[PDB]
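Chains as they are written, first to last, in the entry's author numbering: chain L, 53 to 141, 160 to 188; chain E, 36 to 96; chain B, 3 to 56; chain C, 2 to 81; chain F, 63 to 227; chain A, 12 to 623, 626 to 751; chain J, 1 to 39; chain D, 53 to 196. Cβ atoms here follow ideal geometry from the backbone N, Cα and C, with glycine treated the same way. One structure is given here, and the rest of the page talks about it.
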Ligand code: CLA
Ligand code: CLA
Ligand code: CLA
Ligand code: CLA
Ligand code: CLA
Ligand code: CLA
Ligand code: CLA
């Protein structure tokens with residue numbers, strides 16, 4: 053048997069996990085990728101701006117932080133692509167994971183560009 | 036081969052007690068391949084003091 | 003199973019991360035590869051020597 | 002799979018069999034020793050190579066030998 | 063003299079080192095009473111320091127550029143320049159006492175192997191037999207060369223050997 | 012029914028079994044055949060569980076063993092008092108505490124070791140001691156060497172009584188098992204009689220002897236001129252001259268007019284300004300309160316009358332919905348397993364020793380202690396080490412319980428069972444939090460090292476660049492400092508100077524000043540948290556997986572201490588809980604070494620020093638230097654190692670010798686830790702051949718040490734080397750700059 | 001008393017007594033003949 | 053003796069659920085199922101950690117690796133005098149009986165077992181590694 057905990061077997065936890073975009077089972081992998089990218093690039097743009105090496109120079113801290121965030125999103129999309137090329141030889163397929171990685175690239179760059187346009 | 040209680044000398048080369056002296060317990064008279072039971076006053080690395088040997092692995096010396 | 007390492011199917015049938023390290027470590031031990039003869043041994047050693055010189 | 006071999010110095014004391022944590026060895030009829038028993042290793046695909054059998058064998062030298070070979074999921078003792 | 067080394071009684075850094083150690087001891091001495099036990103202990107220390115430097119200058123030791131005694135380990139050069147007391151007489155004294163210890167241990171081992179409990183006489187020492195062999199061990203070089211010349215010092219090839227050989 | 016139960020004459024007193032080594036073990040009583048036997052004889056000598064299955068006989072053995080330990084400690088105390096009376100400068104020190112260094116060991120004048128007898132003052136020559144006995148003796152009111160001599164004789168007599176008690180309660184009248192199992196009665200008697208009557212009688216001695224003698228010593232009168240303590244008991248008029256409360260006698264005690272005892276039962280706080288120690292009146296009130304508290308606490312458990320609680324009933328009453336049967340079965344576990352008790356008692360005893368270290372540095376309880384910087388460093392460091400060792404021991408004996416005494420058919424859906432049943436979750440979360448702590452704590456140091464090396468100091472984690480202030484600790488500090496005004500109205504000052512406030516100095520030296528916490532203090536505290544969490548990870552993993560794991564499902568049958576289960580399944584070296592204690596020992600060394608380094612550098616930088626402003630021993634470099642590893646390497650180790658490395662030709666030369674010797678022993682351990690016994694056995698084979706050739710092969714067969722003994726020898730020489738190294742460094746440093 | 005002498009004949013007690021004798025002998029020699037380096 | 057069959061509808065021991073149970077190996081590769089019949093209700097020790105109550109009658113547990121079933125078999129056989137048998141189950145549903153594969157436990161001789169992996173010589177009668185160089189793989193001299 054498996055151990056029972058509120059954390060693994062709560063109904064609010066089950067509804068929250070079923071509502072997060074990695075679980076909906078019937079939405080497109082491109083759409084999952086662009087939503088996950090719009091979340092993660094928008095959160096990742098922050099600490100590069102606030103703590104990076106150009107953080108104390110005006111008008112260029114936000115540019116350098118968003119540019120480094122876009123570079124890290126590109127590295128993450130390359131990581132997703134090589135993970136799919138290794139793992140699969160609708161989300162859990164070769165074509166579906168390539169769609170998901172391209173969607174993550176597009177959504178992450180859009181999230182960084184919207185975190186700048188601020 | 037040798038009788039009970041007599042001293043032999045071991046010539047099995049991978050034995051712990053090779054080139055040393057033990058004491059015969061018994062020799063089995065069946066078609067067993069290693070009938071000569073020899074006891075040794077010192078133990079091997081496994082803590083065993085007794086081993087079976089063949090007729091051409093013991094010399095009554 | 004997997005392709006790496008090509009010189010040892012005993013390592014290529016390893017389902018663990020031990021396969022990557024032992025493929026890295028047994029790569030230049032040509033006397034213990036699959037299907038290795040003696041002429042092939044000396045010839046691959048000769049090519050490796052040229053590689054060292056380059 | 003690990004290479005497990007039984008040699009004719011076996012005295013059929015069954016110590017290796019009752020020491021293996023994997024049920025790899027078993028005792029077969031034989032005529033070479035007074036016990037009329039010999040060990041045998043018919044299931045070496047499940048052998049992990051712990052060498053409890055070798056620790057349990059009384060003969061000098063060993064009558065059971067474990068040669069560590071190519072690893073599988075069963076020989077690495079993985080539960081995952 | 064030997065190797066460009068001056069004798070210590072001729073060396074100047076030796077006298078400088080003696081004067082420096084006396085200076086440190088008297089700087090420590092000058093902050094006490096006269097009949098007090100620290101002053102008595104420091105005057106005994108200064109007496110031993112002067113006696114030690116006088117004895118090393120008397121023994122004919124060779125000092126270097128640092129004023130420190132150097133030893134000569136060559137039998138012919140030592141016996142030629144009067145330095146056998148520093149390496150040569152100590153090495154024969156050591157070999158006498160080290161062969162003493164080894165020969166008494168070997169005789170105790172041979173004496174206790176001839177019983178029904180050699181390990182028991184190895185764990186619980188037979189004190190009368192050990193003192194008997196310890197007093198009889200004074201003729202160990204003569205006894206050792208006699209056991210050498212009889213062929214009983216050495217075991218034959220009934221020793222334990224590996225599979226290789 | 013609680014009563015005395017004893018068997019008469021169980022074991023005859025005879026020298027027979029002294030003459031039979033290994034009599035206690037059926038295996039080892041056969042005699043020696045290989046050398047392994049000897050080691051086994053000493054390793055299993057005190058493992059009484061492996062001797063007999065009878066809990067009664069085991070309990071008796073541990074009881075008399077404890078008596079033996081107490082006798083040894085009494086011999087030790089007797090020795091310290093005797094050397095303090097006969098071979099010391101204690102009286103001279105009493106006459107001038109600020110300019111005479113405490114010394115109570117002298118060496119004989121042979122082979123030049125006489126130089127170790129240095130100029131400690133008082134017309135004496137010896138080794139300066141750092142145990143703090145002189146300050147303890149002055150605080151107790153001792154003034155002459157005669158009293159110390161009488162204390163030495165008393166402690167020796169008590170040691171003879173303890174060894175007689177051991178022999179008596181093992182061989183003549185040995186308690187029964189149901190006597191040992193009266194834990195309710197044992198708690199009542201130990202909480203009342205031991206702690207309660209202990210602190211009551213000590214408060215008695217303080218109020219009646221310590222306070223007047225130390226009041227006169229602080230007044231300045233010559234110790235020989237101070238009235239002897241028995242005169243203080245006899246003539247209450249002198250007690251009324253110093254503290255007029257004593258004129259009224261014990262009438263305010265019984266009439267409950269306790270406010271009139273405010274002369275000697277105070278609540279001043281802080282330190283005695285002319286003496287640098289806590290007020291003995293505060294200490295007397297403290298011990299009276301402690302006494303009354305413990306005597307109240309010792310009447311809780313039911314014994315031979317209806318009143319009183321029941322341990323099993325309190326345990327079985329606390330059950331909730333989340334934990335199921337709750338604390339059911341724990342009483343049965345803690346009244347039948349010595350190892351479980353030893354685990355609990357070791358954990359709390361170690362933790363208590365660490366609390367002793369911190370509270371004794373922060374609130375110096377003895378006079379002329381805070382300015383004896385060597386004594387302070389020594390005491391803190393010592394008790395911290397003792398603490399850490401006892402914690403590791405707690406983990407060890409917890410695991411030993413888990414393997415030998417754990418029995419789930421009396422322990423079925425229980426707190427212990429659920430812990431065992433979600434151990435994977437526990438260890439995985441502890442694993443993650445250890446990696447998190449490691450990354451961010453150590454990563455700040457590596458980050459700072461990189462930025463400092465790259466010429467970019469403005470990007471570091473420091474007080475002038477990116478600040479990481481310990482806001483919570485600063486707030487607690489400020490609250491503690493402001494407490495006497497609002498939340499503790501009867502307190503004249505704060506409990507410790509380190510909270511904030513002024514500065515107490517004695518003889519030109521700083522006794523204690525306010526300690527400030529900044530980015531460097533933040534970083535070292537999170538380093539401490541990291542190392543402690545890792546040590547807990549190793550030990551707790553050891554105890555939770557002692558019985559089984561996915562790798563070794565039947566690990567319990569292999570015992571507590573075993574090398575492995577062979578090279579199969581990938582390799583199972585160090586799977587035993589014993590091996591987890593072995594690794595926890597190394598990690599404990601790591602943690603406590605960084606702790607004592609923190610203490611040493613912080614005190615020398617921000618606290619200690621001379622008063623002219627205060628000139629600190631290392632000028633206050635901590636706040637800017639303790640953010641990089643290079644800073645610790647250069648400003649702490651390298652800089653402060655000068656004294657130890659140039660100690661030759663003086664009285665501190667022994668610290669240089671033990672510095673080198675300790676480095677050597679530490680390195681010598683690496684051969685055992687890094688190697689394995691197969692190689693050594695084969696080497697011994699060749700050597701055995703050489704001995705056979707000359708007829709000198711021993712009958713007891715030379716064997717390489719076991720795998721586990723190699724690990725044990727390794728970790729023991731490792732600890733001895735490292736700890737002794739830091740010992741020599743610390744003592745030479747603080748004695749030369751103190 | 002026989003068993004007490006057997007216990008005194010055991011190995012660590014004899015090692016202790018013998019090393020005490022040897023160390024004391026060297027100590028006595030270094031006291032009465034202070035600091036010897038040669039001869 | 054005939055080879056028995058696995059009943060998947062066998063009641064399991066009373067157990068609150070550990071974190072040391074099955075993983076994705078049970079879903080992808082294989083898992084093993086142990087079966088015994090008890091005489092009375094009695095608490096045993098689970099090999100994955102914890103305590104469990106066996107029922108009175110047929111019992112059924114499932115484990116990840118083989119040594120877990122051997123450890124529970126050794127416990128139930130030396131402590132409770134029971135006779136368990138454990139099988140091998142695949143995600144296809146293929147069921148492979150073993151232990152005792154002959155029906156008689158392997159610690160005693162049974163007529164009909166064929167001896168496997170038996171070198172009919174001593175260990176000192178093996179060849180040198182020069183004699184087995186340049187085969188199709190790494191070989192030990194004891195393989196021939
Ligand atoms: C003439 C030069 C020469 C040649 C042609 C060979 C050839 C061989 N050696 Mg030999 N040997 C040599 C010199 C040579 N060796 C030297 C100089 C040493 C001492 C170091 C050895 C010690 C040695 C051992 C112990 C063994 C061999 C083995 C072998 C065989 C397999 C090599 C292999 O597969 O490993 C692949 C190589 C690696 C996996 C290298 C790993 C990297 C090493 C550990 C260094 C890592 C440091 C790293 C680079 C530093 C980075 C710093 C960072 C900050 C940048 C092959 C026959 C093996 C063998 O015969 O097996 C039966 C074997 O066990 N050699
Ligand atoms: C451990 C090796 C060793 C070495 C390197 C030396 C070195 C020396 N020996 Mg010494 N010697 C030794 C051991 C050694 N000795 C031993 C064990 C004995 C006792 C048998 C001697 C007995 C001895 C005597 C009597 C003399 C020397 C002398 C010398 C010096 C010059 C001879 C030479 O160069 O021969 C190289 C050394 C060896 C090959 C080792 C064997 C030594 C043989 C046995 C004796 C050699 C003596 C030599 C023939 C005398 C040369 C006279 C010289 C003026 C040319 C030279 C410093 C001579 C000297 O005093 O020079 C100032 C000298 O008169 N040695
Ligand atoms: C002095 C008279 C005396 C005599 C003749 C005996 C005789 C015996 N005792 Mg008893 N007993 C005594 C007093 C005595 N005891 C005392 C004073 C105590 C309290 C400690 C005990 C408590 C006691 C216990 C708990 C047990 C015995 C047992 C025994 C029996 C076997 C023990 C043995 O042979 O080991 C002889 C032991 C030694 C020679 C070692 C002495 C250890 C001391 C404490 C060492 C302290 C040294 C100290 C650490 C310094 C080290 C410094 C450094 C080098 C490390 C034997 C009949 C055992 C028994 O009956 O088992 C069935 C048993 O379990 N005794
Ligand atoms: C109120 C009475 C009383 C006092 C003061 C103590 C004190 C102690 N007991 Mg406890 N004990 C008691 C009642 C008491 N016990 C009762 C009623 C039981 C049965 C339920 C026990 C069962 C018990 C066990 C099983 C053990 C102890 C141990 C201890 C010692 C712990 C070591 C320590 O840190 O002390 C600090 C040290 C001192 C304060 C030294 C002074 C000690 C002297 C002897 C005064 C203690 C009073 C004593 C009980 C009077 C004995 C008189 C005797 C002649 C009849 C400590 C001396 C442990 C021990 O170490 O055994 C040796 C131990 O293993 N006790
Ligand atoms: C806990 C330990 C302790 C002890 C031993 C003492 C002891 C003492 N205090 Mg106290 N004191 C204490 C704690 C203690 N104090 C604390 C905690 C406080 C703070 C509240 C005080 C505050 C205090 C004050 C203010 C005073 C004392 C005083 C005294 C003395 C007389 C008290 C008295 O009349 O007792 C009552 C009498 C007895 C208990 C009699 C003892 C029983 C006898 C000896 C029995 C003999 C029987 C036997 C059969 C006969 C002998 C036969 C033989 C010759 C053959 C006495 C020395 C007084 C004093 O003198 O100050 C200097 C005093 O004024 N104390
Ligand atoms: C420098 C010496 C050293 C270091 C760095 C480590 C490191 C570690 N030990 Mg080890 N340990 C050591 C000595 C050391 N140990 C020794 C001598 C022993 C023998 C007794 C052990 C025995 C031991 C045990 C028993 C355990 C550990 C564990 C750990 C890990 C703790 C988890 C953690 O903090 O992650 C954080 C990582 C670090 C603190 C390492 C530094 C990382 C740097 C600062 C940043 C890395 C980024 C990097 C620069 C990027 C590289 C890019 C490049 C490749 C291109 C950690 C990896 C424990 C474990 O794994 O459980 C969690 C554990 O239980 N060790
Ligand atoms: C290991 C701890 C650690 C930490 C905290 C830092 C921190 C920093 N480094 Mg340093 N560094 C480190 C180790 C560390 N470093 C090591 C070991 C090295 C040597 C390799 C360096 C070498 C180095 C260089 C050369 C530089 C830095 C710089 C910096 C700064 C900028 C970094 C940045 O912009 O990243 C971007 C930020 C992120 C990637 C954030 C990711 C982590 C997020 C915040 C975790 C959040 C988890 C969240 C709480 C979970 C919520 C879950 C929930 C929502 C469900 C920053 C202060 C730069 C600087 O100049 O600083 C002034 C810089 O140039 N570092």
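For residue j and residue i, the rounded distance between their alpha carbons
i, j, result
"residue 583 of chain A", "residue 571 of chain A", "15 Å"
"residue 390 of chain A", "residue 396 of chain A", "10 Å"
"residue 44 of chain A", "residue 56 of chain C", "20 Å"
For residue i, the first and last residue of its enclosing beta strand (DSSP E)
i, result
"residue 135 of chain A", "135-139"
"residue 238 of chain A", "Neither: residue 238 of chain A is in no beta strand (DSSP E) and is coded neither H nor E."
"residue 88 of chain D", "83-89"
Residue i: first and last residue of the uninterrupted alpha helix (DSSP H) it sits in
i, result
"residue 406 of chain A", "384-415"
"residue 21 of chain B", "20-27"
Interface residues of chain A facing residue i [CB-CB closer than 9 Å]
i, result
"residue 77 of chain E", "44, 45, 712 and 714"
Closer than 8 Å at the beta carbon, the chain A residues around residue i
i, result
"residue 4 of chain J", "26, 29 and 30"
Interface partners of residue i on chain B, CB under 7 Å
i, result
"residue 77 of chain C", "18"
Within chain D, partners of residue i - CB distance below 9 Å
i, result
"residue 55 of chain L", "68, 69, 70, 71 and 73"
"residue 420 of chain A", "94, 95, 96, 97 and 103"
Interface residues of chain J facing residue i [CB-CB closer than 9 Å]
i, result
"residue 123 of chain F", "37 and 38"
Chain-ordered neighbours of residue i on chain C, where CB pairs are closer than 8 Å
i, result
"residue 171 of chain D", "6, 7, 8 and 9"
Under 8 Å from the C-beta of residue i: neighbouring residues of chain B
i, result
"residue 116 of chain D", "Correct list: empty, because the minimum Cβ distance to chain B is about 15 Å."
- Query: What are the start and end residues of each continuous alpha helix (DSSP H) run of 4 or more residues lying completely inside the stretch 524-579 of chain A, in chain order?
  - Reply: Along the length of the stretch 524-579 of chain A, whole alpha helix (DSSP H) runs at least 4 residues long occupy 530-555, reported in chain order.
- Can you list, in chain order, the stretches of the alpha helix (DSSP H) that have 4 or more residues and sit fully within the stretch 653-733 of chain A? Within the stretch 653-733 of chain A, the complete alpha helix (DSSP H) runs of at least 4 residues are 655-658, 666-687 and 690-706.
- Message: As an exercise, report each continuous alpha helix (DSSP H) stretch of at least 4 residues that is fully enclosed by the stretch 131-155 of chain F, in chain order.
- Response: The qualifying runs are 137-143.
- Message: Three Cβ pairs or more, each shorter than 8 Å: is that satisfied between the stretch 27-39 of chain J and the stretch 134-150 of chain F?
- Response: Yes, since at least three Cβ pairs between the stretch 27-39 of chain J and the stretch 134-150 of chain F fall closer than 8 Å, the two stretches touch.
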